[PDB]
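Since the structure comes first, as structure tokens, the remarks are kept for the end.
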DNA sequence: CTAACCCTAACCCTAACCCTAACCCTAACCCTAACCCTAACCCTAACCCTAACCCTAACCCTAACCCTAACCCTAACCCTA
DNA sequence: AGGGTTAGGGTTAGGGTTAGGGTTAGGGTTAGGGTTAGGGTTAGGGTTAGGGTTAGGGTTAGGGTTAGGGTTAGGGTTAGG
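Protein chains in written order, with the deposited numbering: chain H, 24 to 121; chain D, 24 to 122; chain A, 36 to 135; chain E, 36 to 135; chain K, 36 to 135; chain G, 10 to 129; chain M, 65 to 129; chain B, 19 to 102; chain F, 16 to 102; chain L, 16 to 102.
Shown next, in the form of structure tokens:
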């Protein structure tokens with residue numbers, strides 16, 4: 024009858040943009056794009072699940088930047104966790120300033 | 024304490040009643056009671072999380088007896104899951120017959 | 036009368052290297068589909084699987100078998116041996132926690 | 036069974052049977068309490084450990100050590116041996132997936 | 036309103052000349068004493084150093100740092116650059132034979 | 010009115026959908042309230058991880074005389090990076106092989122095998 | 065160490081090449097004998113990543129795209 | 019028509035040999051094929067039972083790669099590529 | 016007063032008879048000599064990880080005292096659920 | 016009884032302008048921000064290598080005090096002979 | 001409406017001293033296991049090639065997914081026992 | 001109040017079907033080298049003990065610390081365009 028087919032959400036445009044920002048000469052196949060889409064979704068679900076567990080342990084019905092920073096330091100290892108925390112702090116500082 | 028303090032929650036009364044029902048003239052310890060409470064809480068949280076995940080996968084928003092039965096069949100093994108499903112169906116039938 | 040027969044070892048080593056430097060599959064697809072269909076027949080009748088589903092199943096099974104073979108080879112090397120054994124497979128499954 | 040000399044290997048079996056029927060802590064508290072405080076110094080100073088945290092820490096450590104020793108003993112008899120060795124603990128930890 | 040701001044370069048050059056035409060020290064003494072005490076704590080406990088000893092240590096460390104900075108600046112100048120880099124420091128330590 | 014509608018990605022400087030992250034946090038049944046800086050933090054962390062993984066994959070592809078990124082190069086970079094291997098330990102990449110790691114005992118050192126006739 | 069190197073090199077006797085290989089392989093031995101050069105012995109075949117073919121893409125111009 | 023006894027034999031001997039060579043096994047014993055087939059059959063039985071339970075919960079009659087990936091992740095084996 | 020602090024006489028705190036009794040409780044007849052050092056190192060690494068997790072949890076909770084609840088939470092996050100002590 | 020700060024100068028004192036003063040002595044005009052950490056690290060490892068030899072020299076005569084003579088004797092072994100302070 | 005603010009009640013964590021007493025350290029003797037050498041078998045390495053068989057290239061179609069249209073019952077929020 | 005239920009048609013899609021030839025396995029064959037059986041060597045800790053470092057309460061005090069309660073205001077929420 025009608026068209027109106029469901030639209031599947033994906034991060035293919037953001038991964039390709041990061042690729043062009045890092046290596047503006049390489050390409051990403053469809054399988055690699057699907058792998059990166061499953062990796063981003065799995066990490067996002069693991070961090071959101073860790074932040075929800077922290078918000079449920081401490082009697083507080085909110086999720087601020089501290090809950091995400093703690094979930095990052097608990098999931099990521101050493102240097103990666105510190106770099107991600109520094110990037111997040113720089114981002115929130117640029118947001119609170121600009 | 025008793026200085027406008029807060030009261031926790033537990034299942035000691037229910038565990039003691041279940042123990043008295045399944046076996047009279049027996050006893051239990053505080054460590055065993057705490058272990059049983061932790062086991063009940065862990066199983067409850069696991070089944071609730073499994074039901075929520077199944078409801079999110081089914082593109083639905085309500086966790087019902089079907090979702091709970093599926094979570095039980097996925098978590099519990101074989102004959103234990105079958106007996107739990109039978110008891111749950113009997114309880115649902117009793118609730119439907121009388122409320 | 037010399038085909039220059041290879042001593043047992045070099046052929047195995049070069050085959051290991053050739054199979055490690057590749058990304059293709061090894062087990063066939065139709066026998067695996069028949070196997071998973073026969074297994075699914077023991078639960079619900081009149082079942083229709085998927086090509087991507089059986090492909091992911093074959094990939095996961097091949098990865099699990101590769102890991103089990105690696106663990107068995109490591110156990111055999113630790114046991115002053117070079118060949119795998121069913122006792123080594125049993126000990127690997129017992130340590131990994133699969134025995135049940 | 037003279038009280039001067041006993042056959043080596045027989046007193047260990049009685050000790051194993053006697054220690055496998057008790058639930059008391061084997062590691063002592065005071066030597067273990069200082070190890071917990073010394074580790075927490077590198078992370079953050081001015082920390083107060085509760086009286087129930089060290090007990091759970093010691094219980095978990097004892098359980099992990101018992102499991103590792105059982106795995107090492109299971110790996111020891113595989114090579115026609117009866118004693119444990121440092122080369123077996125490494126393999127037992129690598130098969131479990133802890134050392135990676 | 037005007038303060039006649041100096042362009043980046045003249046201040047650095049005059050500071051280099053002023054620090055080269057002097058014989059005084061740069062690093063403080065009490066922090067260096069605390070540092071060498073913390074380092075000596077990792078070997079033998081209850082150690083008492085000397086004022087002349089820590090002074091000679093600070094002098095030798097300052098001379099070694101000056102030499103390393105000179106080598107790094109020379110490497111940067113050879114690399115068509117004017118600023119130092121950790122890769123330049125690593126290459127200088129690799130050529131000098133200090134490794135890591 | 011409304012002047013102009015600036016995008017959250019442009020105001021944040023990142024290349025990740027902060028709006029989609031916030032919508033997923035609000036509709037994911039994680040919490041009744043979702044903060045403002047939390048989606049930006051998560052987007053920045055995910056962008057850094059994706060950038061690191063893509064840089065490793067591009068380096069592997071350039072070392073393998075290839076221009077495109079393949080799952081084989083992705084698995085090679087993941088197994089090479091110790092922190093990535095420790096993070097994704099229970100993740101199996103499809104259409105990808107392992108590293109050609111041959112043990113020292115499996116290498117051919119028969120040394121004439123001996124045991125046979127006295128070749129002295 | 066020399067016997068292990070000789071057994072790995074399919075040899076029975078110890079040669080100065082195997083001695084130098086074992087010395088350069090052992091970190092503590094290399095740190096102890098840093099200013100000692102073994103005669104009749106070569107270095108290890110260590111090739112840098114930049115010296116490897118490709119990666120640099122020697123197409124340079126490549127008339128096309 | 020399909021011989022349910024001619025399915026464990028479907029995992030041929032050269033296939034298991036090539037899998038062991040890809041893993042890093044030089045010599046493969048004779049009694050390894052039967053144990054490998056049994057372990058693979060048990061694992062496939064568990065995964066297919068999980069997929070059947072998921073399909074019955076979804077009120078469907080077709081097993082999908084999404085359900086297979088969900089079951090594999092529930093067991094502790096996250097697979098990428100096939101799905102999302 | 017108390018003019019002293021903890022030292023490295025802590026790895027040696029895990030005495031040899033304690034490790035021997037633990038191995039006997041597990042089921043080990045003969046214990047090698049080089050097992051005590053490796054066991055102490057593994058126990059130190061595990062305790063370091065668990066204490067780091069507990070310190071992170073305490074810093075997230077805006078507190079300065081590590082509790083058995085936080086210890087149990089960290090142990091469950093690793094994959095070792097402990098009962099009895101807590102709830 | 017004891018200092019509440021048990022950090023014992025965790026490679027401190029080597030501040031940014033302190034390094035910005037030693038580098039200008041050699042001739043460095045533009046000092047990169049990623050140089051302070053490497054400078055602190057190399058200073059720490061050099062001080063460790065020197066203090067190890069100093070303690071090894073002081074422990075021979077059953078003495079519990081480190082003098083400048085032992086320091087210059089240990090520095091002579093590394094290849095840097097200092098005049099004046101030792102003697 | 002819930003989280004950032006302040007006063008503050010009480011708790012729980014730490015500091016410090018004792019009394020030996022279960023437990024820990026070494027060094028004294030000795031038995032049997034870990035380990036190297038070696039030799040006998042039979043087990044699987046290495047073909048192998050003709051037959052098993054599979055996936056390649058398509059057609060279909062009828063059971064199944066679900067899309068968007070109608071409609072109501074189940075779920076929640078309120079208060080107060 | 002709207003998520004779930006029902007009936008309805010479209011619409012992708014997987015099972016069923018054909019054939020074949022090019023890839024590969026099945027069962028029997030020659031024979032190498034690894035395996036577990038053996039016996040000889042060595043030192044590795046097992047077992048006992050008695051000198052003695054140090055641990056579990058037994059019973060105090062002090063002042064850090066969590067937060068109970070109250071106040072209030074602002075960030076997440078809801079809605080439509």
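We put the CB at the ideal spot given by N, CA and C, even for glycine.
Legend entry - Through-space distance from residue 83 (chain E) to residue 21 (chain F), alpha-carbon basis: Their Cα atoms are separated by approximately 15 Å.
Legend entry - Exposure label - residue 75 (chain B); buried when at least 16 CB within 10 Å: Looking at its Cβ environment, which holds 16 or more other Cβ atoms inside 10 Å, residue 75 (chain B) is buried.
Inset, instruction - State yes or no: is the beta carbon of residue 90 (chain H) nearer than 8 Å to at least one beta carbon in chain G? - result: Under the 8 Å criterion on CB atoms, residue 90 (chain H) is classed as interfacial with respect to chain G.
Inset, instruction - Consult DSSP for residue 81 (chain L) and reduce its assignment to one of helix, strand or coil. - result: Coil, per DSSP.
Legend entry - Proximity of residue 89 (chain L) and residue 68 (chain L) at Cβ, strictly below 8 Å: It is a contact, given that the beta carbons lie within the stated cut-off.
Inset, instruction - List the residues that DSSP assigns as beta-bridge partners of residue 83 (chain K). - result: Looking at the DSSP assignment, residue 83 (chain K) forms a beta bridge with L:80.
Inset, instruction - Identify the contact partners of residue 101 (chain G) in chain A, using a Cβ-Cβ distance below 8 Å as the criterion. - result: Residues of chain A with a Cβ closer than 8 Å to the Cβ of residue 101 (chain G) are, in chain order, 94, 95 and 98.
Inset, instruction - State yes or no: is the C-beta of residue 83 (chain F) nearer than 7 Å to some heavy atom of the ligand GTP? - result: For the structure depicted, the ligand GTP is absent and the ligand set is empty, with no information on it obtainable.
Legend entry - Chain-ordered neighbours of residue 117 (chain G) on chain B, where CB pairs are closer than 7 Å: What residue 117 (chain G) touches in chain B: nothing, since even the nearest Cβ is about 10 Å away.
Legend entry - Contacts around residue 89 (chain A), its chain only, beta-carbon distance under 8 Å, and the 5 residues preceding and following it disregarded: The beta carbon of residue 89 (chain A) lies closer than 8 Å to those of 64, 67, 68 and 71 in the same chain, with the five residues before and after it left out.
Legend entry - Among L:77, L:61, L:70 and L:80, nearest to residue 94 (chain L) - alpha-carbon criterion: Of the listed residues, the one whose Cα sits closest to residue 94 (chain L) is L:61.
Inset, instruction - For chain G, find out if any of its Cβ atoms is closer than 8 Å to the Cβ of residue 97 (chain H); answer yes or no. - result: Answer no: the Cβ-Cβ gap between residue 97 (chain H) and chain G never drops below 8 Å.
Legend entry - Beta-carbon proximity list for residue 19 (chain G), same chain, < 6 Å, skipping 5 on both sides: Contacts found: none.
Inset, instruction - Check the Cβ-Cβ distances between residue 95 (chain G) and every residue of chain H, and say whether any is below 8 Å. - result: With respect to chain H, the C-beta atom of residue 95 (chain G) has a partner C-beta closer than 8 Å.
Legend entry - Where the region 60 to 78 of chain H meets chain B: residues whose CB sits under 8 Å from a CB there: Within the region 60 to 78 of chain H, the residues whose Cβ lies closer than 8 Å to some Cβ of chain B are 60, 61, 62, 64 and 65, listed in chain order.
Inset, instruction - Could you list which residues in chain H have their beta carbon closer than 8 Å to that of residue 22 (chain G), in chain order? - result: Under a criterion of Cβ atoms nearer than 8 Å, the residues of chain H adjacent to residue 22 (chain G) are, in order, 114 and 117.
Inset, instruction - Return the CA-CA distance between residue 108 (chain D) and residue 72 (chain F), expressed in angstroms with no decimal places. - result: Take the alpha-carbon of residue 108 (chain D) and the one of residue 72 (chain F): they are about 38 Å apart.
Inset, instruction - Step through the CB atoms of chain K and report whether any lies within less than 8 Å of the CB of residue 96 (chain L). - result: Put simply, the CB of residue 96 (chain L) is far from chain K, with every gap to its CB atoms at 8 Å or more.
Inset, instruction - Out of A:119, A:132, A:135 and A:130, point me to the one whose CA is closest to residue 54 (chain B)'s CA. - result: If we check each option's Cα against that of residue 54 (chain B), A:119 comes out closest.
Inset, instruction - Please compile the residues from chain B whose C-beta is within a distance smaller than 7 Å of the C-beta of residue 89 (chain G). - result: Chain B residues near residue 89 (chain G): none, gap ~17 Å exceeds 7 Å.
Inset, instruction - Using the DSSP secondary-structure output, state which residues sit across from residue 51 (chain H) in a beta bridge. - result: Beta bridge pairing from DSSP links residue 51 (chain H) with G:78.
Inset, instruction - Report back the beta-carbon spacing between residue 114 (chain G) and residue 98 (chain B) to the nearest angstrom; my notes put them in contact at under 8 Å. - result: Rounded to whole angstroms, the Cβ separation of residue 114 (chain G) and residue 98 (chain B) is 33 Å, and the two are not in contact under 8 Å.
Legend entry - residue 85 (chain M) vs residue 69 (chain M) beta-carbon contact at 8 Å: Yes, the Cβ-Cβ distance between residue 85 (chain M) and residue 69 (chain M) is below 8 Å.
Inset, instruction - Output the boundary residues of the alpha helix (DSSP H) element that contains residue 68 (chain L). - result: In this chain, the alpha helix (DSSP H) harbouring residue 68 (chain L) covers 51 to 73.
Inset, instruction - Give, in chain order, every residue of the region 65 to 97 of chain F whose Cβ lies closer than 8 Å to some Cβ of chain E. - result: For the region 65 to 97 of chain F, the residues whose beta carbon sits under 8 Å from a beta carbon of chain E are, in order, 65, 66, 67, 69, 70, 73, 74, 79, 80, 81, 82, 83, 85, 86, 87, 90, 95 and 97.
Inset, instruction - Provide the residue(s) that pair with residue 129 (chain E) in DSSP beta bridges, ordered along the chain. - result: In the DSSP output, where bridge partners are listed per residue, residue 129 (chain E) has none listed.
Inset, instruction - Please list the segments of the alpha helix (DSSP H) lying wholly inside the region 44 to 80 of chain E, counting only runs of 4 or more residues, in order along the chain. - result: Inside the region 44 to 80 of chain E, DSSP marks whole alpha helix (DSSP H) runs of 4 or more residues at positions 46 to 54 and 64 to 78, from first to last along the chain.
Inset, instruction - Report yes if the C-beta distance between residue 80 (chain G) and residue 112 (chain G) is below 8 Å; otherwise report no. - result: Contact: no.
Legend entry - Pair within 8 Å by beta-carbon distance, residue 65 (chain F) and residue 92 (chain E): Note that the C-beta distance between residue 65 (chain F) and residue 92 (chain E) is below 8 Å.
Inset, instruction - Could you spell out the range, first to last residue, of the alpha helix (DSSP H) harbouring residue 110 (chain G)? - result: Neither: residue 110 (chain G) is in no alpha helix (DSSP H) and is coded neither H nor E.
Inset, instruction - Just grab the DSSP bridge partners of residue 45 (chain B) for me. - result: In the DSSP assignment, the residues bridged to residue 45 (chain B) are A:118.
Legend entry - Collapsed DSSP secondary structure at residue 101 (chain E) in the structure displayed: Looking at residue 101 (chain E) - three-state DSSP - the assignment turns out to be helix.
Inset, instruction - Could you tell me whether the Cβ atoms of residue 106 (chain H) and residue 50 (chain G) are closer together than 8 Å? - result: In this structure, residue 106 (chain H) sits away from residue 50 (chain G), with a CB-CB distance that is not shorter than 8 Å.
Legend entry - C-alpha gap between residue 74 (chain A) and residue 47 (chain B), whole angstroms: Residue 74 (chain A) and residue 47 (chain B) have their C-alpha atoms spaced approximately 27 Å apart.
Inset, instruction - State the DSSP-derived secondary structure class of residue 16 (chain G), mapped to helix, strand or coil. - result: Reduced to three states, the DSSP call for residue 16 (chain G) is coil.
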